[PDB]
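> Residue numbers (the authors' numbering), protein chains in the order written: chain B, 346 to 464, 476 to 662, 666 to 882, 888 to 1093; chain C, 1 to 23, 29 to 130, 148 to 157; chain A, 3 to 205, 225 to 464, 475 to 537, 541 to 723, 746 to 764.
One structure follows; several queries about it will come next.
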Amino acid sequence: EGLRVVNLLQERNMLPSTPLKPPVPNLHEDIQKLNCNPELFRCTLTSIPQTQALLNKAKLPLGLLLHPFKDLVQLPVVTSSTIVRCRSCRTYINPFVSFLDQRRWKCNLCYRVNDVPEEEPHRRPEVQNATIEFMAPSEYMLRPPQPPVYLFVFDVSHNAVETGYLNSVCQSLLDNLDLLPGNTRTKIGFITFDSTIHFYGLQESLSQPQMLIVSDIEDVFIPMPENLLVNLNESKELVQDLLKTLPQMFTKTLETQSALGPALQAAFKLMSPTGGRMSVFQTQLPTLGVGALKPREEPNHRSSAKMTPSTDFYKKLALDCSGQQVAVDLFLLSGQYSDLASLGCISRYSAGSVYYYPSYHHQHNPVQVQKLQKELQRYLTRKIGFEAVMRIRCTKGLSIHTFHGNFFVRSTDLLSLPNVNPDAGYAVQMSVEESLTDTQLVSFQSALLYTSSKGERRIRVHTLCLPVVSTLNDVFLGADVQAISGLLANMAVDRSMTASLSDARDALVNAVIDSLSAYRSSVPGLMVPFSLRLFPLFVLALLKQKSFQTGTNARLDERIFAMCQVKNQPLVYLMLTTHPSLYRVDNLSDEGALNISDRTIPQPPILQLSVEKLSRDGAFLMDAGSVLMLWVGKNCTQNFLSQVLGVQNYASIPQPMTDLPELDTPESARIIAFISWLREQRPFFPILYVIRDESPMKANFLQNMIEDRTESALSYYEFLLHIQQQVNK
Amino acid sequence: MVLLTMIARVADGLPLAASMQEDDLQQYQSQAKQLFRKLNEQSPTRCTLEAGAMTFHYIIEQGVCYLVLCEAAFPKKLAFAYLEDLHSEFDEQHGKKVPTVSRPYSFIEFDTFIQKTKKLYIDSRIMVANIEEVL
Amino acid sequence: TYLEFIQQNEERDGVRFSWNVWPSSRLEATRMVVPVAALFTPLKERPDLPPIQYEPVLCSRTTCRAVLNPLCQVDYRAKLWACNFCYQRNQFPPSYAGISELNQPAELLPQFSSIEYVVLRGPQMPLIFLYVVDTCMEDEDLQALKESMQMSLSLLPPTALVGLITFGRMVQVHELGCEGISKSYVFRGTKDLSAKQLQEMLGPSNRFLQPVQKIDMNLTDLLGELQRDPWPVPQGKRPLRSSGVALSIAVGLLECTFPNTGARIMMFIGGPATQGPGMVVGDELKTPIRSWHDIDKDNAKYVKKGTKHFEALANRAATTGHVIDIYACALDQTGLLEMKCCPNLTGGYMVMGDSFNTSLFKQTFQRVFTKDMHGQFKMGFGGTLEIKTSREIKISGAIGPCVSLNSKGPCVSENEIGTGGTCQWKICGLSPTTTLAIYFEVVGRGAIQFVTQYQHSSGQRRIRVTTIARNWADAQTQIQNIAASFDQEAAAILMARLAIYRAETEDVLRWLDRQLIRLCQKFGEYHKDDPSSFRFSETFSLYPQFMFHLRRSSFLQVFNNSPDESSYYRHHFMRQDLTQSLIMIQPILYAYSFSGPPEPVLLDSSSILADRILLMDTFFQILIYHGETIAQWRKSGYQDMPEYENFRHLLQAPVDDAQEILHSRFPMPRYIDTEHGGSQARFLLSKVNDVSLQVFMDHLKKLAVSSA
Ligand SMILES: [Zn+2]
Ligand SMILES: [Zn+2]
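Given below as structure tokens:
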């Protein structure tokens, strides 16, 4: 802790060696003990401005980052016959209600006092739990719970075959067939497409699955009323048989073209009377039919920041898909520009999620093969909800005015999410429409109305309570630097589509500049408060991410996927991608998270992202959230190389070392343990590379050292001075 | 030739099992939900109701209502030949538990059996009244 | 005798002229009552017949170019022959320098007046069969098509290409042979396609059309587990049957793939076309398929356009060179009145049955592949009929399975009869039974040459030449010597086709009668205003009786049949030889009883003898009757007894006497067994008998002698 000031120039080691923790809002003990999981709901400002004004001169942005479907340990689920909520605002009974009569409760959002219907009422579960799940009654659904419908759509073009992904996808689909979420109603489909759209029937009536082509690309339809979307249970061996088949159907196609548009318009029609999850797999620019996407040309490092989609089609289709509870997930596996700027708009507006495997090849690039493999195991076994809808309620005087994530904002600001991803993030900007005079406490709550694999309507409600402060300095004291950088990123991505990449990169500096220029005028060098002692560092990391960097050889589909992941990944994983956690893993000692009965697991200090913290006589590991990496020292100790690498000298390491052998030395079990602990702090299984040597063609590890200078960007010290000089103009 | 089946509890009206399929269902599944509420211990044990282009067809047994809705025309005395095979399987498999449950659609997995019996009725190979009266 | 002369010339040349002595004058030419015609059967069988494995000789006159024949004059001394059509003198070819008097070329011997040349040149093209299957039928009626479709392939030659299309609401062009996937392209059963379109939408063997010998194992299993149109059929409604598209896709499929060789488009419908272009009736049973009455009272709006679409599929398929057959088997009318321009213009078949599970239909189908004595199919593909004439004779038209090649020449008549305006036609499919009718006009002897070049079912290109000669009519004794050559039988079936063609393509009987009378007045004997005298010669006598039957026939008296029934009946008439044609117009009746053996009897209710057992042979049905007292001692269980063993031969002589042609005639006819009061004897009294014959003859005689 500490109200203290910080001079970012003199210290320069400002980052903790321990992982950073959320800030605890300055809130009464008995209230804070009920506040919900900060990794499920968290404001940029724990301490809430009272006047739009006051907010306006911290030049910090008021907003919320939520992660509503996070897989929980303990989730209380109340089957209350009747559900008690606000008789106006329609808010759910938060524990941050003020009870007054034991017969009346004081709504903490729109200030109306309600009667608790004949149903120690203060310690009922709806009030002892901030993260609760309700069992919605009959009035909360337009139709009976939909069955789970997972249709899969493959590209099988010439390029598609050369990549060879259809072999891994189909073995994944086989190995997780019983693990697909649903009960005996789980429906499943299959579609492939080159210049033509291919349906597959499945009846136990003939021996073979039937392949039904549609060739009217300018007018598509369905060729069979049944057996195209089959019950998995009874038709399992017929689905299995097809998956051992499909990878072998095209091994000699000379189709260069891909009618994505048509394929998809059909794929939507197929499931449109139920909705479900359309899993779409794609490998090249779509050049045939509607969705025609002219080729473009990648910008080299010599270009100036000078982003948008090419056609409305991919968006308008995603709206239709939404309107029918259809969600589209874009698995891009391309090796050339595919106009993901246009393609992504399929998962953006339909509660989807995008997956990018640049230059996929089942030989020439075994990294992605092991990534795609793992990521799919997640995409296939992870809990799923259907025909979901979400509303975010904040207390009177605040107003939500802007939404970030994968969904469609319908009238009355209803986040229509056709499907709820358990690893998808969402974010929101609020503002003070009416000043917070009468209130010392504001609360936010979001409700997730969804349908579970087991066909039961549920509502997930998280509630959050925060103080209201009235001075500049008490606004800064509970600023949330991570949550601010996250909100700023989602904010800047629109900025770069609304305007220009330079204008994106601009507010991002001006977010620091305009903020500390306003705090210095609220009290020699660069003064910040403790809570913002990392705001200039992370924002640098922002500017240096693949999404925002300039002077680099970055390609369009990469940076677009980089932004796509900003708007859709939760906070913790955006942080990890931006500012990876780097570890001294040559000498693992023992001041570490042992306890866990028989394990080791040191917590070597989280190292600052610089070269000068490296050392060529060791071997360092870099957590990028979605992947791990291990730099190895040219001049390193052999002891390492011979006991955890099992290699006599650093010259004899296989270049794509997929993962460490499980050797037999306390030094091996070590860096296995510390990696495994790193793997179980996420459900996403991250791949690990030793590949870093000194020239093994993989020196991106070096672009994450986001404190060092380049032929293209400042250094952190360099960045600190551009700030100060502009703080003091 | 075109359907809309619903099974609900005659008491509260809690729906138990349905079958729907499209390629409208909005207004038409309403009245069924409001019919379900009305039905009590005097309601006719079998009754046919009538509505412009469509028609309702329900029995009541063991305290559970087996309603089906069809676009007029469709064979009257055949409709009840479905719900007899339905009520067979419901009272057979789930009859015991119907007054114990309370989550809506607690027997949704019964959708899987409605459909194979629903269709084995579309390809060829009692009291009368008007819907707007009871409601 | 001119009788033998009729029957020797049909036997040899496959020809039957109305007159075998033609008018020597524009005087009697223009006054020729029944016109100058022949029924030309271009592939009539020949026992001791040797194909001629050499190119046929031709005339070195650029415009003529007729084939060396037993008419042309030779010069075995000076190697020179003089064409009989244009009088050119032609060098003999190399092979023909060793000719002799004794050892003269086959082509010139009067035996080979008809001859068959085998122009073995191009590498032979494989045959093609396209199955076009309807899946909108019951399981019993569809299962028995898969079996009966599957039989066909045990009969088809190794090298021939096969293709399958199922259809119902959609149409499925099957890509064959694929393993563990069995694919099919799918098309809206409601948008017609260009041949280009369907080429682009899809792409010697095709994916779709493949040699049977290398997919006969994967095509059978497809048919083996072919199943009904998956779309369900709502109560009160017919299925949705897209025949219009599903035919024009089979048409367009073959169009972009193997234009201009023998191929059979074989379509099987189990009910009418209820969707798409070329629709026939709607999806509601409440309104039922149009009747003739409906069509005359303008209550059928689905036939005027339906007729158009199919008619254009006929021309587009007959121009390409493919044959469209139609096998409709269903209780209700199946839409053969709009679809008949297909099998009719191309050479294709038309087959009608109650349900495909009849033993009638299934045999009527293996008869489509009956081979000759060599194990080779009797059917042929892509015939090109070319007729050459002496400088006097012009060609009014052809009535029959054929299409114009609209080729012009000084031998084409300014009077167009039916398919007139050409001396070249293209029969798109033909068998040794096919019979055109060619109609000529006059403008020493006369000669006509028939040149048909067709694809043999052994893939060999073959040309058939029949050159005929009939004498001109001495002007001293003109009309007296013409009435001799008259072929009462041929002339009536020749006039009969003139009739049908005007009816099918709209009085009629007014023109038919005026030529009966005109005829009576010109060639029989009488005194004016006196009916009693009027006798015809032996030569003419039959002509009125046949006319009596033609005018009451099913072919002209459309009502009491369905439009399909009428289109069907007319179909076979316009393709059958004289012999079978007469059976059609006047059924052939036989006799069986205790008194007298098998002996034909006059179709009249003077022959409906209770005492007797008959046998009426309509070409289309084979009846057998039991009288009052012949039905009674069969209901008597007396047949059983072994004292009266004469009973048995009596009630199993016509059975055998019928099974003999019950397995010969192409469309195997309905078999019947009825008696007085039987439900189907109604046909016996509807063909037994203005009015009846007797009365009919007199109205004719009384007008035969009155005003010219
Ligand atoms: Zn409220
Ligand atoms: Zn000549």
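All residues carry an ideal CB built from backbone N, CA and C; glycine is no exception.
By the criterion of Cβ-Cβ separation under 7 Å, what are the contact partners of B:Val570 in chain A?
In the first sequence, the residue the question calls residue 570 of chain B occupies position 214. The contacting residues are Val188.
> Taking the beta strand (DSSP E) that residue 538 of chain A belongs to, which residues open and close that run?
Since the model of chain A includes 537 and then 541 but nothing between them, residue 538 of chain A has no atomic positions to report.
> Contact criterion: CB-CB distance below 8 Å. Does B:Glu815 meet it with respect to chain C?
For the purposes of this step, residue 815 of chain B is taken as residue 456 along the first sequence, with counting starting at 1. By this cut-off, B:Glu815 is an interface position.
> Per DSSP, what are the beta-bridge partners of B:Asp987 in this structure?
Numbered from 1 along the first sequence, position 623 holds the residue referred to as residue 987 of chain B. Paired residue(s): B:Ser945, B:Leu992.
> Verify the CB distance criterion: does B:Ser494 have a CB-CB separation below 8 Å to chain C?
Here residue 494 of chain B corresponds to residue number 138 of the first sequence, with the count starting at 1. Yes, B:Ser494 counts as interfacial toward chain C.
> Looking at chain B, is there any beta carbon in it that lies within less than 8 Å of the beta carbon of A:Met172?
Walking along the third sequence from the start, residue 172 of chain A turns up at place 170. Taking Cβ atoms only, chain B reaches closer than 8 Å to A:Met172, which makes this a yes.
> For B:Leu731, which option in B:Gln1012, B:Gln638, B:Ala858 has the closest C-alpha, if you only look at C-alpha atoms?
Residue mapping note: residue 731 of chain B aligns to position 372 of the first sequence, counting from 1. Considering only alpha carbons, the answer is B:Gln638.
> Within its chain, find whatever has a CB closer than 8 Å to the CB of B:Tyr714; leave out the 5 residues flanking it on each side and keep chain order.
In the first sequence, counting from the first residue as 1, residue 714 of chain B sits at position 355. Excluding residues within five positions, the ones whose Cβ falls inside 8 Å are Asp688, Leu689, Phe690, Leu691, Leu731, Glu734, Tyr738.
> Around the C-beta of A:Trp21, are 16 or more other C-beta atoms found within 10 angstroms, so that it is buried, or is it exposed?
The sequence position of residue 21 of chain A within the third sequence is 19, counting from 1. Buried.
> At least one CB of chain C closer than 8 Å to the CB of A:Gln256: is that the case?
Taking the first residue of the third sequence as 1, we reach residue 256 of chain A at position 235. With 8 Å as the cut-off, A:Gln256 counts as an interface residue toward chain C.
> In whole angstroms, what is the alpha-carbon distance linking C:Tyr63 and C:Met149?
The count along the second sequence starts at 1 and reaches residue 63 of chain C at position 58. The count along the second sequence starts at 1 and reaches residue 149 of chain C at position 127. C-alpha of C:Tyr63 to C-alpha of C:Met149: approximately 11 Å in a straight line.
> State yes or no: is the C-beta of A:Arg63 nearer than 7 Å to some heavy atom of ligand 2?
Position 61 of the third sequence holds residue 63 of chain A. Under cutoff, so the answer is yes.
> What number of angstroms, rounded off, separates the C-alpha of B:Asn587 from the C-alpha of B:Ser706?
In the first sequence, counting from the first residue as 1, residue 587 of chain B sits at position 231. In the first sequence, counting from the first residue as 1, residue 706 of chain B sits at position 347. For B:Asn587 and B:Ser706, the distance between alpha carbons rounds to 26 Å.
> Compute every distance between the C-beta of B:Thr436 and the non-hydrogen atoms of ligand 1, then say whether any falls below 7 Å.
Working through the first sequence from its first residue, we reach residue 436 of chain B at position 91. Under cutoff, so the answer is yes.
> Given a cut-off of 8 Å on the beta-carbon distance, is the pair A:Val121 and A:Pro53 in contact?
Numbered from its first residue, the third sequence carries residue 121 of chain A at position 119. Numbered from its first residue, the third sequence carries residue 53 of chain A at position 51. Not a contact, by the Cβ cut-off of 8 Å.
> Out of A:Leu749, A:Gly477, A:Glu140, point me to the one whose CA is closest to C:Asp128's CA.
One-based indexing of the second sequence puts residue 128 of chain C at position 123. When only C-alpha atoms are compared, the closest one is A:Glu140.
> In this structure, does DSSP put A:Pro309 in helix, strand or coil?
Translated into positions along the third sequence, residue 309 of chain A becomes position 288. Coil.
> Can the beta-carbon of B:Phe767 be found less than 8 Å from the beta-carbon of B:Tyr708?
Locating residue 767 of chain B in the first sequence gives position 408, counting from the first residue. Locating residue 708 of chain B in the first sequence gives position 349, counting from the first residue. Yes, the Cβ-Cβ distance between B:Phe767 and B:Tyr708 is below 8 Å.
> So, helix, strand or coil for C:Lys101, using DSSP?
Residue mapping note: residue 101 of chain C aligns to position 96 of the second sequence, counting from 1. DSSP places C:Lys101 in helix when its eight states are reduced to three.
> Note down, in chain order, all residues in the segment 105 to 119 of chain C with a beta-carbon under 7 Å from any beta-carbon belonging to chain B.
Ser107, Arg108, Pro109, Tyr110, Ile113, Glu114, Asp116, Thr117
> For B:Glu746, count neighbouring Cβ atoms within 10 angstroms of its own Cβ and tell me buried if that reaches 16, exposed if not.
As a working note, residue 746 of chain B is residue 387 in the first sequence. Counting Cβ neighbours within 10 Å, B:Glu746 comes out buried, since at least 16 surround it.
> Check whether the Cβ of A:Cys88 sits closer than 7 Å to any heavy atom of ligand 2, and report yes or no.
Translated into positions along the third sequence, residue 88 of chain A becomes position 86. Yes - ligand 2 has a heavy atom lying nearer than 7 Å to the Cβ of A:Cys88.
> Find out if the Cβ-Cβ distance for the pair A:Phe461, A:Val38 is shorter than 8 Å.
Residue 461 of chain A sits at position 440 when you count from the first residue of the third sequence. Residue 38 of chain A sits at position 36 when you count from the first residue of the third sequence. Their beta carbons are under 8 Å apart, which means A:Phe461 touches A:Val38 by this criterion.
> For A:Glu437, which residues from the same chain have a beta carbon less than 8 Å from its beta carbon, with the 5 sequence-adjacent residues on both sides left out?
Locating residue 437 of chain A in the third sequence gives position 416, counting from the first residue. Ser417, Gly418, listed in sequence order.
> Output needed in chain order: residues of the segment 575 to 607 of chain B with a Cβ under 7 Å from some Cβ in chain A.
Correct list: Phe577, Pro579, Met580, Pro581, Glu582, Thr601, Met605.
> Whole angstroms are fine: how far does the CA of B:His721 sit from the CA of A:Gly356?
Here residue 356 of chain A is taken as the residue at index 335 of the third sequence, counted from 1. Here residue 721 of chain B is taken as the residue at index 362 of the first sequence, counted from 1. Distance between the alpha carbons of A:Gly356 and B:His721: 57 Å.
> Please compile the residues from chain C whose C-beta is within a distance smaller than 9 Å of the C-beta of A:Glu140.
In the third sequence, residue 140 of chain A corresponds to position 138, counting from 1. Going along chain C in sequence order, the residues near A:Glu140 (Cβ under 9 Å) are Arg130.
> Indicate, with yes or no, if ligand 2 has a heavy atom lying under 7 Å from the CB of A:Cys85.
Position 83 of the third sequence, counted from the first residue, corresponds to residue 85 of chain A. True, at least one ligand heavy atom lies under 7 Å from that Cβ.
> Can you name the residues of chain B whose CB is closer than 9 Å to the CB of C:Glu22?
Along the second sequence, one-based indexing puts residue 22 of chain C at 22. Residues of chain B whose Cβ lies closer than 9 Å to the Cβ of C:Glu22 are, in chain order, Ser628, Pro629, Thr630.
> Whole angstroms are fine: how far does the CA of A:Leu163 sit from the CA of A:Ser226?
Locating residue 226 of chain A in the third sequence gives position 205, counting from the first residue. Locating residue 163 of chain A in the third sequence gives position 161, counting from the first residue. Looking at the two C-alpha atoms, the distance is approximately 7 Å.
> Taking only the alpha-carbon atoms, compute the straight-line gap between C:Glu97 and C:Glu89 and give it to the nearest angstrom.
Position 92 of the second sequence, counted from the first residue, corresponds to residue 97 of chain C. Position 84 of the second sequence, counted from the first residue, corresponds to residue 89 of chain C. So the two alpha carbons sit approximately 12 Å from each other.
> Quick one: give me the first and last residue of the beta strand (DSSP E) that B:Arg819 is part of.
On the first sequence, position 460 is the one that residue 819 of chain B refers to. Counting along the chain, the beta strand (DSSP E) containing B:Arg819 begins and ends at 816 to 828.
> Is A:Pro253 close to chain C? Criterion is C-beta to C-beta, closer than 8 Å.
For the purposes of this step, residue 253 of chain A is taken as the residue at position 232 of the third sequence. Chain C has a Cβ within less than 8 Å of the Cβ of A:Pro253.
> Start and end of the alpha helix (DSSP H) containing A:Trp667?
For this step, residue 667 of chain A is matched to residue 633 along the third sequence. That run of the alpha helix (DSSP H) goes 662 to 669.
> State yes or no: is the beta carbon of C:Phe79 nearer than 8 Å to at least one beta carbon in chain A?
As a working mapping, residue 79 of chain C is identified with position 74 in the second sequence. Yes, C:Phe79 counts as interfacial toward chain A.
> Quick check on the DSSP output: what are the complete beta strand (DSSP E) runs of length 3 or more inside the segment 733 to 821 of chain B, in order along the chain?
Fully enclosed beta strand (DSSP E) runs of 3 or longer: 744 to 753, 757 to 763, 767 to 769, 773 to 775, 785 to 791, 800 to 811.
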